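J.: Below: the sequence, then the experimentally determined structure.
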Amino acid sequence: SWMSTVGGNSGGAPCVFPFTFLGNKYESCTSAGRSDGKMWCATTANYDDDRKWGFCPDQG
């Protein structure tokens, strides 16, 4: 990916795909756990454990 994160709380850590959130494997960004609109990505292989996340990069 070579992409740092925004949002979240990683501080600019690359999204690790596929990342599993709340039971599902995410190969792309997600809006899971969010009821706003900003999509994010986990910065760890298994989010359920590490729970380290960050918003999705350029979605262009």
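T.: Okay, I see it. Residues are numbered from 1 along each chain as shown.

J.: so residue 48 sits in a strand?
T.: No. According to DSSP: H, G, I helix; E, B strand; the rest coil, residue 48 belongs to no strand; its state is helix.

J.: Apart from its neighbours in sequence, what residue is nearest it?
T.: residue 20 (6.2 Å; C-beta to C-beta, 6 or more residues apart in numbering). C-beta coordinates here come from the backbone N, C-alpha and C atoms, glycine included.

J.: check contacts around the one you found.
T.: Neighbour list for residue 20: 26, 42, 45-48 [criterion: C-beta atoms under 8 Å, 6 or more residues apart in numbering].

J.: 10 Å - rerun?
T.: Shown in contact with residue 20 (C-beta atoms under 10 Å, 6 or more residues apart in numbering): 26, 42, 44-49.

J.: closest to residue 57 among these?
T.: The nearest member of the contacts of residue 20 to residue 57, counting by C-beta to C-beta, is residue 42 at 13.2 Å.

J.: mind pulling up the phi and psi values for residue 19?
T.: phi -100, psi 130 (degrees, to the nearest 10).

J.: Okay, and the residue sitting nearest the centre point of the chain sits in which element?
T.: What sits nearest the mean C-alpha location of the chain, by C-alpha atoms, centre = their mean, is residue 41, with 1.2 Å. Under the criterion of DSSP states H and E, residue 41 resides in strand 40-42.

J.: list the helices and strands that strand packs on?
T.: strand 19-21, strand 24-26, helix 47-50, strand 53-55 (3 or more C-beta pairs under 10 Å, 6 or more residues apart in numbering; DSSP states H and E).

J.: Try it again at 8 Å.
T.: Judged by 3 or more C-beta pairs under 8 Å, 6 or more residues apart in numbering; DSSP states H and E, strand 40-42 is in contact with strand 19-21, strand 53-55.

J.: got a list of what residue 7 touches?
T.: 38, 40, 53-55.
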